[PDB]
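Step one of this worksheet: look at the structure below.
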Amino acid sequence: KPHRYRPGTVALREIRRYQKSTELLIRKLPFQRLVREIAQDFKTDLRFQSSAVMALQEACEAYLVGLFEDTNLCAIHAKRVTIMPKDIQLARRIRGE
Amino acid sequence: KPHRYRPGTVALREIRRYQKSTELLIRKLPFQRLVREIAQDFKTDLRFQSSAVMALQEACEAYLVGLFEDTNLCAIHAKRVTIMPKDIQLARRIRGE
Amino acid sequence: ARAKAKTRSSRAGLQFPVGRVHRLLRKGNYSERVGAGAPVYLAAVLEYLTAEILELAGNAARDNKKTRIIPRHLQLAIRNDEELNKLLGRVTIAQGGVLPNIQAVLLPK
Amino acid sequence: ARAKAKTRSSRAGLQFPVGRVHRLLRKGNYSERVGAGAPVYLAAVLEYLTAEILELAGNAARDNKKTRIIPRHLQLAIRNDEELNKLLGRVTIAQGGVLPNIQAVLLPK
Amino acid sequence: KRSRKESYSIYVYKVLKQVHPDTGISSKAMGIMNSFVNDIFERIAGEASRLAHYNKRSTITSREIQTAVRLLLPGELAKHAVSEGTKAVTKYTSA
Amino acid sequence: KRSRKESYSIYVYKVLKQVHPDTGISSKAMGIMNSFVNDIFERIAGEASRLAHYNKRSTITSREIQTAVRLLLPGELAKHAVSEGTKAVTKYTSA
Amino acid sequence: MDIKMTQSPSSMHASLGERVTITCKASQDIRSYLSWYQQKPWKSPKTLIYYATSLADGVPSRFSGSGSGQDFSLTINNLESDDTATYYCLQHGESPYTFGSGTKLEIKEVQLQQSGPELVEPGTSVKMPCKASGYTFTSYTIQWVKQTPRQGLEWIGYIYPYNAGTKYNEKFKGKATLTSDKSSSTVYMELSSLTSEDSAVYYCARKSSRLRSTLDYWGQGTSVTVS
Amino acid sequence: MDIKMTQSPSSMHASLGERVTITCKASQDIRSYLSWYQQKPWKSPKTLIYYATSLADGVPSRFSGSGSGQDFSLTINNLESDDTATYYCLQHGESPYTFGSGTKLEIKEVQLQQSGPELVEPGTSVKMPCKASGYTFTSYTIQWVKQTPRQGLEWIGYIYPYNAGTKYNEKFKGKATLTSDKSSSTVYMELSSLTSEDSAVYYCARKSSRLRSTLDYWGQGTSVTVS
Amino acid sequence: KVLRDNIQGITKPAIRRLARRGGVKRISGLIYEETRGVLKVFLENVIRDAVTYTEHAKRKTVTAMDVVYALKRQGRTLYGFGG
Amino acid sequence: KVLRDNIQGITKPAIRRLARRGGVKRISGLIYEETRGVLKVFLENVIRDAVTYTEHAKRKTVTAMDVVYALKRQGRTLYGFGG
DNA sequence: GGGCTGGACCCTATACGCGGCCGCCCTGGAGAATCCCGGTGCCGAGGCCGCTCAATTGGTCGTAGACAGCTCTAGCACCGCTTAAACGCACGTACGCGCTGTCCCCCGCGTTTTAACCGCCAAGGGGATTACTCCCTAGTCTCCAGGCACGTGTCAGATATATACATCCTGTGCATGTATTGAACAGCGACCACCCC
DNA sequence: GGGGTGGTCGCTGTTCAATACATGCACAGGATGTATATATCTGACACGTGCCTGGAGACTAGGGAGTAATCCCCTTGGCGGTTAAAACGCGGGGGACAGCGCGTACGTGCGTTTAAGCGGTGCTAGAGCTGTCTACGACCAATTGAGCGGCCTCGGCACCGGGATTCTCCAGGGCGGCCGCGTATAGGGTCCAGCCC
């Protein structure tokens, strides 16, 4: 039978890998399309500097990572290990968001 | 056999009482002594305006009330109703202190 | 001779002091120059916000059978409105108390 | 007669520019007047903070066996230090990543 | 006499008399409204100063005030404040 | 012709050559250090400005800068930055 | 003690391209909190003027309003073919909001999805939903309006999704019950014990908590018909 | 490769009121990260100079430090009977901190609670606490220093309670293990496989994570005797 | 002269009242001491800034404006005492 | 020209990578939609301010400094983009 | 003259240790991931050069703030008295927490698909710069009215009292599910009329 | 005329409906707490008054910003390959979650203690204001050298390939506690001798 890691081992391995790395975790091109789509609601025919989209992506990934840290703390508080939307809402609402 | 309300009934009565009122919940004179004792660590022989002590008391009560709201949310997230030091710690940690 | 003085507040149809706001902008270390319309715009905005909060607070006081607005009524007005609450989320209102709010799971079965 | 120009940074024994800091303080609408010692003090403080962060970041780079400080090393230096992390708590560092931290309850066994 | 410690109390009272002719206001609510007016003034003025500085403008105009209002005030509060300010500025310009 | 974009890159580099003579710094890390210097400068300058305004002082002196540093920088950062600033001001005055 | 709103011309005719004036007189002082609505037949009303003088978004400058206190007016300068509709003044200066009797004029992105027609037997209960999209759901009250050909528009009440707060018209206490659902961004209206007079078109309408804001966007209207 | 600290005047005699100068050499450039300590017999050392020139808190201006690079100097101007003690230079510019051999001078609220003397048998293990109070526990490293009557002061390592990070002297890896408990604001040093060579007084010392900050406050010391 | 143990003046009943205003129905016995610690930290942080403002003014009285400035500097703006 | 559904470009594996960097070991299936909503809200908040700064500058290109100013105004100070 | 009692020989009921068995713990090996090491190459970091403009130097001037003196306010210290709140204790209950079991749903992995990424090219919009101009704001002087300090009166809200209503909690009665049992009915033990031899 | 058997009666086992018992639900009523109405009163709020200083009016000067024109950079759009990553599906384990039980910790209430709150008095430190005066920061003009832009090279690092180490998972074996089975042991059953009826 083929080798198969027990569940959570590859998860912890991925955790260590992405906490060691610093690269952006969201694909640049679809994030850029998302930014342009969102901006269409505020002003039509906007243009974006590549550095402006990169700054937005840096900020978004940092915000989401911090929010997932708070979500993980909430899940562990509930004595779970699976983060859930209720944990995201708790973290956001305690942060005043 | 003497009348007794079931546990939690007087607690909810008291919650409704204090959520309606606006006065200071901490005794003013011992809070003033606490303020002076803390300040003497930073400067000896400080005077305090009565309004300065009252402002500190308003701020402290507001901070503690908001912290207990977040603590209660954490406790309910844990499927408890008793707030606990781990709940206070989680609220403080997520809030960024 | 000088014409009869008209306050800039009266010229703008405002209760708030355009002249004082202009002097605070000039003396507040905000810029080298302060345009003539800037204090008028700022006084209009401050008067609008003051009117909105005072009207909601007076409504709250009326609902509470009180004729005078108190910090409790200001707090109720601010917190019962999402936009005012987000404007003043980081603010403590002295003697304002808190909104009456009990989590449902705490209520008896 | 005109003495040789001796920069205020050199007079104060600083690397950071006292003259530039003074010009920024004057042009920044911070006050009507700027004392002569104020840009010197601010340049000394900025130099101290820059030196502290750069030295911690260089230590981190050495521990990684890299020669050049990168945003990862700046982030490690700042987050691994409580006072720097409190000063820069609300700050995101681009390409900085996060500290290695797994909650114990997530570990096996 | 004591030195003239100016405040917004009379203007807030005038606004109160407009919005609710027959209600009054206690001294503590009066002080809270003074604090509110000062705080919002400082927020809008600081934001306008930053806008002017960002754009290398020496002057704070009603256009920087309008942008600062849009940035600070939320939702419909922002556009109603903008409408109020624009109306006042237009009336003032018409003298 | 394009204008001069002033920055703290050379000063950060001189400080780096003092603290770790052999190591270098990437352009992104230099940009981050520029952002850090600008941010801390604006924080201290704004706090000193507010101190002067609170005390009805027209001028920002090294004493307002010292107080702003004590307010902003925590813990031992505050003490060491105060020592560095005081030493620099003393040396500048003596020179 | 309700503020009855009196529109002077109950109907009028005009040719193309000339000015029109519609007058609405308030029972009591409402302090400029008056709005004007244009309702083409079988379609939801669109707001034109709010705060008694300010054009609603997208409304051409042809429409204009004036007045304060108790006397208000609406003016249409360049009459175009589509300006034929029924025009309602709405006061929201006091807790029971009151529409005008309506002036029928004849001449020669925010979405509030609302359910389709309903057929019910008397004594039943019905639940009109109002799915809202295109804006932050909690920031705006959802207002409910009842339209009949005999009574015109009637304001039922509102739900404030931010805090689930409600207010109801005294004519609709018990009859109506409003609830919100933040997760689905949907508002529901209960009608209890349907009766013959309850055959009406019900509109959900968005209104900001700002006092000068008016019912700005409307649902398509749920036509409840009771047998 | 450890930086050798060399205090030239291994012992000095002086009367009251005269000036004393103590030098301290470095084998490598330490860039002004040198500190001077005064240890009276059977007392914890008190810091006098940090960052090679700056007076420690409460230290009178009589003590004067100078020098940079590899040449350093401690000067005492107006001697007192109180000044009779042993003075150590401490470098902390490189990862293994190194004290000077010491200088005996003869003249003719932060609290670190540390446990009392502990007799132990060879081969066992001992756990020495350091209860820290009066300050923000997590903001400062706790440095551990060994003092034999023969080898002088040796730096064992530190634990930084904010992130539980530790650094150990290569001489003490495995021998020493440092742990912290934030709840009790207590740092524990555990010594493993005790040896008669391990009989020495151990000090816990607070040191900020700031690079120029030195070991400023010291515990009273825990005497460990191995039979 | 000196004051030594006044944090215990923030009594368990007082902490219960604050929790009740916060909507708390049931309170663990360790909450009182945890809350005393938290309050102590908050007061230290605010009073340190307030005394810093007082020292800068070369005043020896801590004023309500000093407290308000400290609170605002910590992002906890207080209305009612300014001015 | 009109973009319509690009929030789905924040894929499930991308959200998983963000969670992994956040130290999350196990992820509920509804986390992905909740996170897409949260990111959508954050982006609207930031981009609205960025566009406001751009409109004030009478510029039509949103610049990295506009984004940095928006973030700083929101308490999200970003170092590394000309701040 | 022989069975009962005492002492001793023999039949048998029994407490206990060893081998078999199932669970716990340990370890070696396969496999996959990660880390160290060497080689290559490339692009960005660091240094050099020219220039230009912002910082320095030197001098003038006015005003901001330092310092001294004085007043008067408000913050501190103290005392007595009332009483409200804290405290300590007893009791019980309901809630936290641990344990068990189920099942679903998230993870790990292999396969297919897709679109991100990269490299390159081209167009052109608009950002940045420059030149010119004019009008809008700062600055100044005069003057006067709005707003602030102060005083005063009265009415709105705080307080006290009584009452009506609402809510909480529990003992009591009623409805329902279930154990119990006397009896309605059939199976079997036993007496009798009668068949078979 | 006796031996023996099915028929039928009497006793009893089985089951079923009424009896009785226990449990869950709704309600009536008592006790308590809260909302409401009325009278009293006090002190804070709202208004009136004097005055003074800060805002308005009128004018001037200049430079900041508006507007036009030009450049070129950098953004957008497109296209073609090449994988890397995303999507999908599947098998399964482990984690979420519900349910249950226990015990203890917290709520409720009462009686005692304590110290907070209030009022009143007294004092003095220090905040706040005024007046004087000087040093210091703004301002300006000339000078120049420091810092920025541009160019170039070369080495640090990124990448690739290949071993070597480490970590994970699991399959097999050593070791310990519980259960099945056989044995030395003694309790009692039984034989021989002395004795009393």
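Note: ideal-geometry Cβ built from the backbone for every residue, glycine included; neighbour counts use all protein chains shown. Values quoted throughout were computed directly from the atomic coordinates according to the rules given, and no laboratory measurement underlies them.
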Check: Limited to the range A:17-37, what total is found for residues that are within 11 Å of DNA strand K (Cβ to nearest atom), facing chain J (nearest Cβ under 7 Å), more than 14 Å from the chain's Cα centre (by Cα) and of a type in the set (A, V, I, L, M)?
Finding: 1
Next item on the list: Might you let me know whether the range C:37-44 holds any residue that is within 16 Å of the chain's Cα centre (by Cα), near DNA strand L (Cβ under 8 Å from one of its atoms) and facing chain E (nearest Cβ under 7 Å)?
Entry: no
Check: What tally of residues in the range F:1-46 results from selecting those that are in a loop (DSSP other than H, G, I, E, B) and either buried (at least 20 other Cβ atoms within 10 Å of the Cβ) or more than 9 Å from DNA strand K (Cβ to nearest atom) (or both)?
Finding: 6
Note to self: Here are the criteria: (1) within 21 Å of C:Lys27 (Cα to Cα); (2) outside any loop (DSSP other than H, G, I, E, B); (3) more than 7 Å from chain C (Cβ to nearest Cβ). Tell me which single one E:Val69 does not satisfy.
What the structure shows: (3)
Notebook entry, point to check: Tally time: how many residues in the range A:57-85 are touching a helix residue (DSSP H, G or I) at 6+ places or on another chain (Cβ under 7 Å), more than 26 Å from J:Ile47 (Cβ to Cβ) and within 13 Å of DNA strand K (Cβ to nearest atom)?
Noted result: 7
Check: So which of D:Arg68, D:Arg90, D:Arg79 ends up being in contact with a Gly (Cβ under 8 Å, 6 or more places away or on another chain) and closer than 25 Å to J:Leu71 by Cβ?
Finding: D:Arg90
Next item on the list: Could you tell me which numbered condition A:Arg13 fails, if it satisfies all but one of (1) closer than 21 Å to J:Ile27 by Cβ; (2) more than 7 Å from DNA strand K (Cβ to nearest atom)?
Entry: (2)
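Here's the yes/no breakdown for (1) in contact with a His (Cβ under 9 Å, 6 or more places away or on another chain); (2) buried (at least 17 other Cβ atoms within 10 Å of the Cβ):
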position: H:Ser68; (1), (2): no, no
position: H:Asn78; (1), (2): no, no
position: H:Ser81; (1), (2): no, no
position: H:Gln91; (1), (2): no, yes
position: H:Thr103; (1), (2): no, yes
position: H:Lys108; (1), (2): yes, no
Margin query: Against the conditions (1) more than 15 Å from DNA strand K (Cβ to nearest atom); (2) surrounded by fewer than 23 Cβ atoms within 10 Å (Cβ to Cβ), where does F:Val69 fall short? Just the number, please.
Written below: (2)
Next item on the list: Tell me which residues, restricted to the range G:102-126, are over 21 Å from G:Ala56 (Cα atoms) and either in a loop (DSSP other than H, G, I, E, B) or in contact with a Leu (Cβ under 8 Å, 6 or more places away or on another chain) (or both).
Entry: G:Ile107, G:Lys108, G:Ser115, G:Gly116, G:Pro117, G:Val120, G:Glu121, G:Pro122, G:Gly123, G:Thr124, G:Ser125, G:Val126
Check: Taking the condition of a type in the set (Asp, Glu), part of a helix (DSSP H, G or I), more than 7 Å from every other protein chain (Cβ to nearest Cβ) and farther than 28 Å from C:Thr67 by Cα, does E:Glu76 pass?
Finding: no
Next item on the list: Restricting attention to the range F:1-19, report how many residues are aliphatic (A, V, I, L, M) and within 14 Å of chain J (Cβ to nearest Cβ).
Entry: 1
Next item on the list: Check whether at least one residue in the range I:18-31 is within 13 Å of DNA strand L (Cβ to nearest atom), within 9 Å of chain B (Cβ to nearest Cβ), in a strand (DSSP E or B) and of a type in the set (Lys, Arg), and report yes or no.
Entry: yes
Check: Looking at the range C:1-36, which of its residues are of a type in the set (S, T, N, Q) and either within 7 Å of chain E (Cβ to nearest Cβ) or within 10 Å of DNA strand K (Cβ to nearest atom) (or both)?
Finding: C:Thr7, C:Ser9, C:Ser10, C:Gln15, C:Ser31
Checklist line | Unmet criterion (only one of (1) more than 15 Å from the chain's Cα centre (by Cα); (2) near DNA strand L (Cβ under 9 Å from one of its atoms)) for D:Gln103 | finding: (2)
Item checked: Hits in the range D:55-77 (condition: in a helix (DSSP H, G or I) and touching a strand residue (DSSP E or B) at 6+ places or on another chain (Cβ under 7 Å)) -> D:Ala57, D:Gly58, D:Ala61, D:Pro71, D:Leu74, D:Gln75
Check: Is there a residue in the range I:53-68 that is more than 10 Å from DNA strand K (Cβ to nearest atom), in contact with a helix residue (DSSP H, G or I) (Cβ under 6 Å, 6 or more places away or on another chain) and among the small types (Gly, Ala, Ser)?
Finding: no
Notebook entry, point to check: How many residues are of a type in the set (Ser, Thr, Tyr), facing another protein chain (nearest Cβ under 7 Å) and farther than 17 Å from I:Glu34 by Cα if we restrict to the range B:38-97?
Noted result: 1
Notebook entry, point to check: How about the range H:168-227: which strands (runs of 3 or more DSSP E) wholly inside it have at least 1 residues that are over 27 Å from F:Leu73 (Cα atoms) and over 13 Å from the mean Cα position of the chain (by Cα)?
Noted result: H:176-181, H:186-191, H:200-208, H:222-226
Next item on the list: For the range A:61-71, state whether one or more residues are over 16 Å from J:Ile15 (Cα atoms), within 13 Å of DNA strand L (Cβ to nearest atom) and in contact with a strand residue (DSSP E or B) (Cβ under 7 Å, 6 or more places away or on another chain).
Entry: no
Next item on the list: Name every residue in the range I:52-81 that is crowded, with 24+ Cβ neighbours inside 10 Å and not aromatic (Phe, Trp, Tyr), in order of residue number.
Entry: I:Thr54, I:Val62, I:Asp66, I:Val67, I:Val68, I:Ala70, I:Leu71, I:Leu78, I:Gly80
Notebook entry, point to check: What do you reckon, is J:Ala57 hydrophobic (A, V, I, L, M, F, W, C), more than 8 Å from chain A (Cβ to nearest Cβ), under 30 Å from E:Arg50 (Cα atoms) and out of contact with any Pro (no Cβ under 9 Å at 6 or more places or on another chain)?
Noted result: yes
Next item on the list: Could you check how many residues of the range J:45-67 are in contact with a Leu (Cβ under 6 Å, 6 or more places away or on another chain) and farther than 16 Å from A:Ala39 by Cα?
Entry: 0
Checklist line | Residues that are more than 17 Å from the chain's Cα centre (by Cα) and at the interface with another protein chain (Cβ under 7 Å from one of its Cβ atoms), drawn from the range F:20-50 | finding: F:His20, F:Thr23, F:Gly24, F:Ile25, F:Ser26, F:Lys28, F:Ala29
Notebook entry, point to check: Filter the range I:14-51 for residues that are of a type in the set (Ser, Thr, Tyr) and surrounded by fewer than 22 Cβ atoms within 10 Å (Cβ to Cβ); which is farthest from B:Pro7 (Cα to Cα)?
Noted result: I:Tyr32
